[PDB]
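Peer 1: Please find one structure pasted underneath; my questions will follow.
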Amino acid sequence: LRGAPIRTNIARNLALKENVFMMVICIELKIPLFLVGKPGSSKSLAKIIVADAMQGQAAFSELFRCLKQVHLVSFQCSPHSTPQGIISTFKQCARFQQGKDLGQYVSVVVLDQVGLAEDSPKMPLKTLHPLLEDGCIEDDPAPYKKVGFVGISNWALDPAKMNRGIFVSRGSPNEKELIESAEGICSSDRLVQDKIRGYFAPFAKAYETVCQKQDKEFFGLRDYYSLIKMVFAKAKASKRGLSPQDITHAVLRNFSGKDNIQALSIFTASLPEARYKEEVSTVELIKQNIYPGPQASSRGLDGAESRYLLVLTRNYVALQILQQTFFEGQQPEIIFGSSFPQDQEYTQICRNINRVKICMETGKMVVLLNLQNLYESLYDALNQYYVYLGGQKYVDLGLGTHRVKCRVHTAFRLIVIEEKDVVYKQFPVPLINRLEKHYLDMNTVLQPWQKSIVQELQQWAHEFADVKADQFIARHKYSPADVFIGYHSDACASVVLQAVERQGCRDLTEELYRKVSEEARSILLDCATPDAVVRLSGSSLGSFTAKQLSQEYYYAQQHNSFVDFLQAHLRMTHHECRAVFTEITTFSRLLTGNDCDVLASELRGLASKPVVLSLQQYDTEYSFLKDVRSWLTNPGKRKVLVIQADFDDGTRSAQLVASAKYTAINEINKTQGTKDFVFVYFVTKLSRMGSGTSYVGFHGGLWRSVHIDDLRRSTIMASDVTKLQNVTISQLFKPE
Amino acid sequence: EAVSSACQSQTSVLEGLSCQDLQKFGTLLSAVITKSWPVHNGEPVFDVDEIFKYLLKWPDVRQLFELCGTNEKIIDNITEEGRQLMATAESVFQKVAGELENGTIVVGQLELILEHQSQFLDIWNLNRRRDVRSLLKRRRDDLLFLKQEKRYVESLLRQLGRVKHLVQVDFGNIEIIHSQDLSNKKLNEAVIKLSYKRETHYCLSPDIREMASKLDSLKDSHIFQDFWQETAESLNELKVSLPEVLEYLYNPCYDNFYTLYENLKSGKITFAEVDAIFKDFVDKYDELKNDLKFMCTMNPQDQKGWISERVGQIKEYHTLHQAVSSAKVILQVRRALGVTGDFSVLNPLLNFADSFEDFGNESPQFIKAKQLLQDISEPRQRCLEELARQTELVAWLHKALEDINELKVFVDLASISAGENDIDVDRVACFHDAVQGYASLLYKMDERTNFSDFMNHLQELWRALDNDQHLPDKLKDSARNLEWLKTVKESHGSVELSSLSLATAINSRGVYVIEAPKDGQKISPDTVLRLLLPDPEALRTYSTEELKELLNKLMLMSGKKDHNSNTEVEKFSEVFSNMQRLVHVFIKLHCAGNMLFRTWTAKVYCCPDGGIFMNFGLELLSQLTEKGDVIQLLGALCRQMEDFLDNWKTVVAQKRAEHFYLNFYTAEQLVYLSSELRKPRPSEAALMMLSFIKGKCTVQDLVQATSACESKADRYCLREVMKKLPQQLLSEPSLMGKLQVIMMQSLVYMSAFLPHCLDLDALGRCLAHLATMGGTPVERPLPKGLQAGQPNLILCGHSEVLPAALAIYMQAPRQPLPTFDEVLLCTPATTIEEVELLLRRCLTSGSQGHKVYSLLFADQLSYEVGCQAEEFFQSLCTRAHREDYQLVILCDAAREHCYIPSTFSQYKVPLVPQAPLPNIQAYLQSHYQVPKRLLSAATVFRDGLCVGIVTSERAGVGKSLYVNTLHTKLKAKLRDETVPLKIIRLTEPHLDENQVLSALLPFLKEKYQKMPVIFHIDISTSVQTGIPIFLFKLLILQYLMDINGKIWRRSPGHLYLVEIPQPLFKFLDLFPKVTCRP
Ligand SMILES: Nc1ncnc2c1ncn2[C@@H]1O[C@H](COP(=O)(O)OP(=O)(O)OP(=O)(O)O)[C@@H](O)[C@H]1O
Ligand SMILES: [Mg+2]
């Protein structure tokens, strides 16, 4: 271990020394190694340190100078692995050691997840047995063919077949092992380690209790190491020791998400002095994870950093809150498996990976959506280990049988948004431990009094459709869906989120409660069909509230025509946001091409020739991308783009909106300059035959939803139906 | 409602109200006390703590109680339930409040009252009218002593556990007393008088408590933990108790700490401890200030002139030592740099480095010596260390580069030579910045310059180091690349273009080609697209996987931050995606069965203005080509291709709905049949597969069917289309119109495009004609208790389903046995098309016979296949059918939970028909009898049955010997027999029929092997899950399947034999069996 190059904040546990020892001896004797162990067993770190420690002649130590040079050839082992991949890796190292010094240069293979493809459907690890004896198969054994092998696995491995190697089957890290690793990780600074040495043993005891508590392997060693590094960094930055809030924050951050685990209670029981009696919520934990400090990552190298975050949710709600009250200043890119018709998955994941790489190099946050298709191309970047060079971090990103190092900026954060069920039953535990878990589904952000706002608004909008009238001889009960188009028994939560975000101040003064309730009412009625707002005179609300809400619906809010809405929108400024994104739901027919021409005709002052986009033709994502690129490229200011989406038709353009929306915003975030405003409007045509109730709710966050009855202006009828309520048909024909 | 809203938030509702109206104020108080209650999903408490917490935290309950107790004319009229609740609240308060006069109070409620002192004092003064001060102060003092001793225990436990690796100490009873939570009665603390208070922490003696007090006084003192650890090493395993640790381990530590104390107090310390115990305070003193202040905490003595001058000595010694280190490293880099020069002030410095001194005072003569090296840096000498140990690097630079100007071109020579990867392209820049920074001492250095110039150069290097603190690491990782730095200047022709350069090349002159290769290999998407990159005249071909990994490589290029590179790479990626997608739609069409794209081929010129070049494998239609940008042309071509695919699936569904017999074969068998039937002398594969409709089809009957199917009216129509089409092609200027019209005419009139095949209409007519010549149609009535107009669902049982079906079909004695039609033996992952074909065969009007159509093992179909099958069945019953069909579905009795058994619950016949085993046996054995005058291989068998299953309880008996002796008995008669004996050893588990089919293929596709061939299948004992389906498919149904290829038909005259060793036991008895014994 001492001969190997040093690394600060590395623990001298029996684990790490044992793996690097067995590794250096086996690849010297060319003996297969089958290092297994639970996540956090330092097998991969052992592989990296062995690779960078056994260079032949330029070795830092004289003992590694007298030893051979090693050139491994990595090969990630996804469960969808083929024996051709390992055969190719073996042939590659056979060429590598061909013609070089056998006694000073040796090339080996590493299958970082070999245990994963033990039950792959394509029988991948079934020709490895002859391979690890005579170098290659279906050919003569020969020199420059014998190759080492380190079958690293994070899962229990079949011993019968792989007996020919050396099974270093790491056991469960014992309490003494955990305290030793605890001492070794904080070795970077001698001074604070002697201040924080006491907490180490109870930490290990509590960690073993929690790991043996749940049968599921939801928590592991990586979380413990992150916890100890986090407390190390907090103490060293604070320089005065530890306050209990820091310890509880650390354990909460690195231990959370699991439903049946009060890990805070478990840790604080063994640490009665480290109690906290105040409430700390998930929102500030996310804010700390995603926004590290200016004093953070400000000294030499990056040894102490947070993990990438994995929010656990349900009903795909995380994005709304995250885009409401966290993603401030700079909006992170959103990556997803685009749902546009006839897009090949391989090209899409390649493009997503390229965008990920661009974001990492630049240093702009990434928010993922699908991991069950790009987990094998990220866990190395989610390993958070860096191959330093020139003082710059570099990580491994892999595409198929091709792994390549790539730059990572020092200001870069990653968020994976997944639901509770999918992670708890489909997510691999190594990914779980590589990712800092956190649950923020729908209620965590929501204060209890905000839940009361939700229920009061629920009962307020449940009787908004409750109208009993004999103006017609008919009995048809109105659902709250039809009065407020989109409402889906959940839109109250999203709308109150929007309301509190709009208020911003976010305190309790008994005035903010009233005003957030009233703004929530305004946002509800802003998506209300005009017929409902005029029936509201006789509905169970009353007949003064009816007048007031009709006034707000026809005077303050703009709902006559799309063009009037655009004028009112572009006239006013915003919350310093370079762009404002609005969703429009309509019953009239979608614009047909001369309408946008006249639309610009009375928008000759502000708009920049808005372009309409039909979503039935974009049988590829890149058609939409190139259209958006062209619209951003054309000169002007305060440009406007409109996307039509007829939900009532034979087409499938119903869920595709989702993909399109992200794409558009993504394009702006990566294709808009720094000197032009942008307004994106998404328009959809709905019917009154029930398709106006089966439409999803108020997609919150970065979409201001609103409802326009008819897009086209009306010169014939007046633009204010309250006067038409006042007057009769006779009064419409009076002479001057 | 409004007060419920207001108290739902944490605001105050009533604070200064002038509300002398008594009844109405009582009503609003009832509202607040029924709506400010701690609701927890609907009146759950069953406890008193939460009520007390709400009592002590709410700013309106104390005002409410005040107002209700001021006058007696308000409480009387509030509400029955509200008065009940406030009576409960007052009772709860009285219960928790009579408790504080005693020790029965709980600690949690006690801290709760201490954190709401004002609320609690007001409510207690309120309840007094129906001591407070002294009782509460005494109680809080008792709590303070409680927490003091608890923290003493905590710190002692933590310190004794920090050395837990050396020694174990049993903590009397505290190890369990301290373990439990703080939810116990205060009376357990036993605050006694006559004074001392012995609590639940049974401290052995107050000496342990005062030791704990001192230890907590130096719990954080780093020096104290070092002393305690080194004195704990003196014991070493040992299970030792608390009382003897005080003098075994604590007393020596405290004594050493006390003596070292008076040693620093005297200022007589020596340098040995200075560099022995103060070695971790390098360049950090403020926390050392506080640590040394913690040092003076233990002794109740002042600190006025003790830490300041002593920490000054510490910092001056540290500065001295770092100055020695800097001086030695600067001399080292000097002597390695080759400069003689002169400093003439560091010789006394190194002489002192070779000196040893013992005193803790101020070196006074060394002030001037260290003046030149006071504040160089604590960092930044590592850069010079690296410079010193990298002699090879600087020697190579001064043997290769030697100047600053040519570097500007040198890195350029590197940039082309460097690889495409991010590491490869960043190597050049890191080396460039390293040499740019280090030219301060590497280029401005003469063999003789004085001290002042050296220091000025060091200063300008310092100001070159302020913006990039990684410069030494850049030097390190550039020096580690010395071989590349050597080979870049002597670079030969690097023959590897790039990932991005080859992107530009393939974009410049790429030729994508789709061929549907005429060679024998499959039609997989990998082998249907190739790429041509021409040049000279060399032309490199590219496969799909090579292109995909190319996409990976150029997708992981570094950051060039230019429009050209990213635009061209994404253009190449986009054209590749569209090309793959056209391949996707084309292969979907090919697997649908087209005959128009079998000889299709397409060249796509990735070059700008390169267009497309279509081609069809017929002489009567000329080539089709376009021009223009490739991306929107390809988008249009793909849209049109998908629309044509939809129209083609529609037209094949419609045409299959008209001819029944053309619903027999799968789509690829349709294309093969259409190809083959035009041959004058068709091969034996299609003859065999026609023997499943006509039966024993021959050339004469097939030519009769293909000659009496067409009329000269069809020929006139084809001549009309031929004379009409080319001007229609020339009518539309661009290719899109002529493409649309050629594909439309293909849909309407196909057979003229390829006068070497048959369209769907001609095929259906031919099959119908073969049906007409092949008479004696097959009739099969239903069993008793089975309805004849609706699905007949049966849930038999996994070991009875197959005999159930074989008994259902028994009710037609002397009727020809069923074949792959009307009897579908389902397996997991069965193609949907086969069940669609079965449903069609059972619901078409043209059948010239009533037959029972059975779907065995229905639950074994997958979920999605079952869903599609049920959707198709409902649709086909919706459009039209014949309402006399016999449909039987069989499922497994224990597998009712799957899709198709669950969806036929209403259509259930809970009858489960079956027949006695001898009846099924007689049925099968009699129906296997080969009639005389056929010259069959069954003549040697037990009088002509052509099927035998050979089994035995244990192996090694001679079953194979029986097979071979039967073969040689046949050889004995009918001399010159040359009878083949095929052997197939089905051996893998999860048995596959395709292997045995393929092994059987080359044997009757020749017609010169029509002679009796005694086949002999054999099996291995690792086939556990695949015996019955295959046995019944081959021996009973007489067919062998493949989703996309020819069909093998068991024939009446080729003897078959299946060995099987010893669930299945009942099954083997069905067939005419032979068994052997030791
Ligand atoms: N000895 C150690 N001391 C401190 N931290 C360690 C030690 N070994 C590993 N770690 C931590 O573990 C992480 C690296 O783990 P690593 O990738 O090597 O996992 P592994 O147990 O080898 O398994 P896998 O094969 O899944 O990668 C880092 O976050 C690092 O801080
Ligand atoms: Mg045998």
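Ordering of the structure tokens sets the chain letters (A, B, ...); residue numbers start at 1 within each chain; ligands are numbered from 1 in the order shown.
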Mind checking which residues fall within 9 Å of segment 132-148 of chain B, counting only C-alpha atoms, ignoring those fewer than 6 positions away in the same chain, and posting them as a PyMOL selection string?

Peer 2: chain B and resi 100-101+107+110-111+114+121+124-125+189+191+199+213

Peer 1: Kindly provide, as a tab-separated table (two decimals) with N, CA and C atoms, in the first residue's frame, the residues of chain A having any atom no farther than 7 Å from an atom of chain B, counting only C-alpha atoms.

Peer 2:
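The result, stored in out.tsv:
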```
chain	number	residue	atom	x	y	z
A	190	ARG	N	-4.97	15.76	10.42
A	190	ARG	CA	-4.76	15.14	11.72
A	190	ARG	C	-5.58	15.81	12.81
A	191	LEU	N	-5.76	17.13	12.71
A	191	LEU	CA	-6.28	17.88	13.85
A	191	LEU	C	-7.76	17.58	14.09
A	194	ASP	N	-8.78	13.94	15.40
A	194	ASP	CA	-8.75	13.71	16.84
A	194	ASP	C	-9.92	14.37	17.55
A	195	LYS	N	-10.59	15.34	16.91
A	195	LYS	CA	-11.79	15.92	17.50
A	195	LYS	C	-13.02	15.08	17.23
A	197	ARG	N	-12.99	11.71	16.32
A	197	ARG	CA	-12.77	10.28	16.43
A	197	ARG	C	-13.85	9.59	17.26
A	198	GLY	N	-14.47	10.31	18.19
A	198	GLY	CA	-15.42	9.68	19.09
A	198	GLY	C	-16.66	9.16	18.40
A	347	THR	N	-30.00	5.71	-31.15
A	347	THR	CA	-29.63	7.07	-31.51
A	347	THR	C	-30.06	8.05	-30.43
A	354	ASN	N	-24.46	12.40	-25.33
A	354	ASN	CA	-23.69	13.54	-25.82
A	354	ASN	C	-24.10	14.82	-25.10
A	389	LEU	N	-5.90	14.81	-14.23
A	389	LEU	CA	-4.87	15.08	-15.23
A	389	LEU	C	-4.85	16.58	-15.45
A	390	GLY	N	-3.70	17.21	-15.21
A	390	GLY	CA	-3.62	18.66	-15.33
A	390	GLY	C	-4.50	19.39	-14.34
A	391	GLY	N	-4.83	18.74	-13.22
A	391	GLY	CA	-5.72	19.33	-12.25
A	391	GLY	C	-7.17	19.36	-12.66
A	399	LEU	N	-20.25	3.81	-24.22
A	399	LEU	CA	-21.28	3.54	-25.22
A	399	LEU	C	-21.02	2.16	-25.79
A	405	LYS	N	-12.83	8.27	-21.49
A	405	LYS	CA	-12.77	9.30	-20.47
A	405	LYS	C	-13.20	10.64	-21.06
A	406	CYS	N	-13.78	11.48	-20.20
A	406	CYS	CA	-14.33	12.76	-20.63
A	406	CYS	C	-14.28	13.73	-19.47
A	449	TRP	N	-50.52	23.56	6.47
A	449	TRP	CA	-51.50	24.60	6.17
A	449	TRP	C	-51.68	24.75	4.67
A	509	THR	N	-48.18	35.02	7.73
A	509	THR	CA	-48.57	36.28	8.35
A	509	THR	C	-50.09	36.43	8.42
A	510	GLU	N	-50.83	35.38	8.04
A	510	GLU	CA	-52.29	35.35	7.99
A	510	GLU	C	-52.80	36.19	6.83
```

Peer 1: What residues of the protein or nucleic acid chains come within 7 Å of ligand 1 when you use only C-alpha atoms and all ligand atoms? Reply as a count of residues only.

Peer 2: 31

Peer 1: Could you please extract the residues within 9 Å of ligand 2, counting only C-alpha atoms and all ligand atoms, and hand them back as a count of residues only?

Peer 2: 13

Peer 1: Using only C-alpha atoms, can you tell me which of A:188, A:392, A:69, A:352 comes closest to residue 53 of chain A?

Peer 2: A:69

Peer 1: Fewer than 6 positions away in the same chain doesn't count, so skip those; otherwise give me all residues within 8 Å of segment 201-218 of chain A, counting only C-alpha atoms, as an MDAnalysis selection string.

Peer 2: (chainID A and resid 175 178:179 224 258 261 263 266:267 270:271 429 432:433) or (chainID B and resid 161:162)

Peer 1: Please provide as a ChimeraX atom specification all residues within 12 Å of residue 416 of chain B, with the sequence filter that same-chain residues fewer than 5 positions apart are discarded (counting only C-alpha atoms).

Peer 2: /B:409-411,424-425,428,488-489,491-498,501

Peer 1: Take the residues from that selection and put them in a file with N, CA and C atoms, as an mmCIF file, in the first residue's frame.

Peer 2:
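Written file, out-v1.cif:
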```cif
data_model
loop_
_atom_site.group_PDB
_atom_site.id
_atom_site.type_symbol
_atom_site.label_atom_id
_atom_site.label_comp_id
_atom_site.auth_asym_id
_atom_site.auth_seq_id
_atom_site.Cartn_x
_atom_site.Cartn_y
_atom_site.Cartn_z
ATOM 1 N N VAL B 409 4.693 26.532 -32.676
ATOM 2 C CA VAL B 409 4.368 25.595 -33.746
ATOM 3 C C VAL B 409 4.433 24.159 -33.240
ATOM 4 N N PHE B 410 5.243 23.898 -32.210
ATOM 5 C CA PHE B 410 5.414 22.529 -31.732
ATOM 6 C C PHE B 410 4.088 21.920 -31.301
ATOM 7 N N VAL B 411 3.345 22.622 -30.441
ATOM 8 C CA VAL B 411 2.046 22.125 -30.006
ATOM 9 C C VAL B 411 1.127 21.930 -31.204
ATOM 10 N N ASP B 424 -6.395 12.838 -25.097
ATOM 11 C CA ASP B 424 -5.359 13.028 -26.102
ATOM 12 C C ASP B 424 -5.249 14.491 -26.512
ATOM 13 N N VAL B 425 -6.383 15.191 -26.614
ATOM 14 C CA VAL B 425 -6.339 16.592 -27.025
ATOM 15 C C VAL B 425 -6.002 17.505 -25.855
ATOM 16 N N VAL B 428 -1.828 18.030 -25.006
ATOM 17 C CA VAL B 428 -1.063 19.092 -25.648
ATOM 18 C C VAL B 428 -1.232 20.402 -24.889
ATOM 19 N N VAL B 488 6.269 12.831 -31.028
ATOM 20 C CA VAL B 488 5.525 13.846 -31.771
ATOM 21 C C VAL B 488 6.440 14.603 -32.733
ATOM 22 N N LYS B 489 7.672 14.911 -32.314
ATOM 23 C CA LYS B 489 8.570 15.667 -33.185
ATOM 24 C C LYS B 489 9.140 14.802 -34.304
ATOM 25 N N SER B 491 7.552 12.498 -35.697
ATOM 26 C CA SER B 491 6.343 11.823 -36.148
ATOM 27 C C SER B 491 6.448 11.422 -37.613
ATOM 28 N N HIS B 492 6.070 10.181 -37.903
ATOM 29 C CA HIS B 492 5.903 9.716 -39.272
ATOM 30 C C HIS B 492 4.442 9.911 -39.673
ATOM 31 N N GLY B 493 4.057 9.364 -40.823
ATOM 32 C CA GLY B 493 2.685 9.481 -41.277
ATOM 33 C C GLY B 493 1.708 8.761 -40.374
ATOM 34 N N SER B 494 0.927 9.521 -39.611
ATOM 35 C CA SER B 494 -0.075 8.940 -38.727
ATOM 36 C C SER B 494 -1.290 8.540 -39.550
ATOM 37 N N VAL B 495 -1.395 7.256 -39.882
ATOM 38 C CA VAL B 495 -2.488 6.777 -40.746
ATOM 39 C C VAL B 495 -3.633 6.388 -39.819
ATOM 40 N N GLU B 496 -4.358 7.407 -39.361
ATOM 41 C CA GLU B 496 -5.655 7.239 -38.707
ATOM 42 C C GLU B 496 -6.332 8.600 -38.798
ATOM 43 N N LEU B 497 -7.416 8.688 -39.567
ATOM 44 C CA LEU B 497 -7.910 10.011 -39.933
ATOM 45 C C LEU B 497 -8.394 10.792 -38.716
ATOM 46 N N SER B 498 -9.561 10.415 -38.189
ATOM 47 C CA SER B 498 -10.097 10.879 -36.913
ATOM 48 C C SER B 498 -11.488 10.290 -36.741
ATOM 49 N N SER B 501 -12.909 13.779 -38.438
ATOM 50 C CA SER B 501 -12.501 13.892 -39.832
ATOM 51 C C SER B 501 -13.180 12.840 -40.692
#
```

Peer 1: Env of residue 456 of chain A: 12 Å cut, atoms = only C-alpha atoms, seq-sep filter 3 positions within chain, self excluded. Answer as number ranges by chain.

Peer 2: A: 449-453, 459-463, 492-493, 496, 513-514, 516-518, 520-521; B: 1-2, 4-5, 8

Peer 1: For residue 869 of chain B, which residue out of B:27, B:566, B:663, B:831 is the nearest one, using only C-alpha atoms?

Peer 2: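 Ranking B:27, B:566, B:663, B:831 by distance to residue 869 of chain B, first place goes to B:831.
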
Peer 1: When DSSP is applied to the backbone of this structure, which of segment 832-923 of chain B are assigned strand (DSSP E)? Write them out as a PyMOL selection string.

Peer 2: chain B and resi 852-856+886-891

Peer 1: Just to be explicit: take each residue in the selection above, keep C-alpha atoms, and write the result as a compact mmCIF listing (two decimals), in the first residue's frame.

Peer 2:
```
# COMPACT_ATOMS: atom_id res chain seq x y z
CA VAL B 852 -63.28 -28.75 -34.90
CA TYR B 853 -60.47 -26.23 -34.42
CA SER B 854 -58.53 -26.70 -31.18
CA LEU B 855 -56.20 -24.32 -29.36
CA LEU B 856 -54.22 -26.37 -26.84
CA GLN B 886 -66.52 -25.74 -33.84
CA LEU B 887 -63.92 -24.00 -31.68
CA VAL B 888 -62.34 -25.75 -28.69
CA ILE B 889 -59.82 -24.10 -26.36
CA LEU B 890 -57.88 -26.13 -23.79
CA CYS B 891 -56.10 -24.66 -20.79
```

Peer 1: Please compute the atom CA of residue 21 of chain B-atom CA of residue 63 of chain B distance, one decimal, in Å.

Peer 2: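 Separation of atom CA of residue 21 of chain B and atom CA of residue 63 of chain B: 16.9 Å.
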
Peer 1: For residue 684 of chain B, which residue among B:302, B:1006, B:273, B:420 is the nearest when counting only C-alpha atoms?

Peer 2: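 Checking each of B:302, B:1006, B:273, B:420 against residue 684 of chain B, counting only C-alpha atoms, the winner is B:1006.
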
Peer 1: Do a neighbour search on residue 116 of chain A at 10 Å with only C-alpha atoms, toss out local chain neighbours closer than 5 positions, and write the hits as a ChimeraX atom specification.

Peer 2: /A:77-81,111,153-157

Peer 1: Let me see the file: selected residues, N, CA and C atoms, as a short mmCIF file (atom, residue, chain, number, x, y, z; two decimals), in the first residue's frame.

Peer 2:
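Output contents, as saved in out03.cif:
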```
data_model
loop_
_atom_site.label_atom_id
_atom_site.label_comp_id
_atom_site.auth_asym_id
_atom_site.auth_seq_id
_atom_site.Cartn_x
_atom_site.Cartn_y
_atom_site.Cartn_z
N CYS A 77 -19.67 -4.94 -17.87
CA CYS A 77 -20.45 -6.17 -18.04
C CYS A 77 -21.90 -5.85 -17.71
N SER A 78 -22.63 -5.37 -18.71
CA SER A 78 -24.06 -5.16 -18.58
C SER A 78 -24.79 -6.50 -18.67
N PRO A 79 -25.97 -6.61 -18.04
CA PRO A 79 -26.70 -7.88 -18.12
C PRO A 79 -27.05 -8.29 -19.53
N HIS A 80 -27.03 -7.35 -20.47
CA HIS A 80 -27.18 -7.66 -21.90
C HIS A 80 -25.83 -7.80 -22.57
N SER A 81 -25.00 -8.72 -22.08
CA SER A 81 -23.64 -8.91 -22.57
C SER A 81 -23.59 -10.13 -23.47
N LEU A 111 -13.74 -7.18 -15.78
CA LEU A 111 -15.17 -7.22 -16.08
C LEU A 111 -15.87 -6.70 -14.83
N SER A 153 -17.07 -8.30 -9.11
CA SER A 153 -18.52 -8.45 -9.09
C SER A 153 -19.08 -7.83 -7.82
N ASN A 154 -20.23 -7.18 -7.94
CA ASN A 154 -20.95 -6.63 -6.80
C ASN A 154 -22.09 -7.54 -6.35
N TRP A 155 -22.10 -8.78 -6.81
CA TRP A 155 -23.14 -9.74 -6.50
C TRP A 155 -22.48 -11.09 -6.22
N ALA A 156 -23.18 -11.92 -5.45
CA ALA A 156 -22.67 -13.25 -5.16
C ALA A 156 -22.43 -14.01 -6.46
N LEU A 157 -21.27 -14.65 -6.55
CA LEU A 157 -20.81 -15.26 -7.78
C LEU A 157 -20.86 -16.78 -7.67
#
```

Peer 1: Find, counting only C-alpha atoms, the residue in B:347, B:950, B:361, B:710 that gets nearest to residue 264 of chain B.

Peer 2: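 Ranked by minimum distance to residue 264 of chain B, first place goes to B:361.
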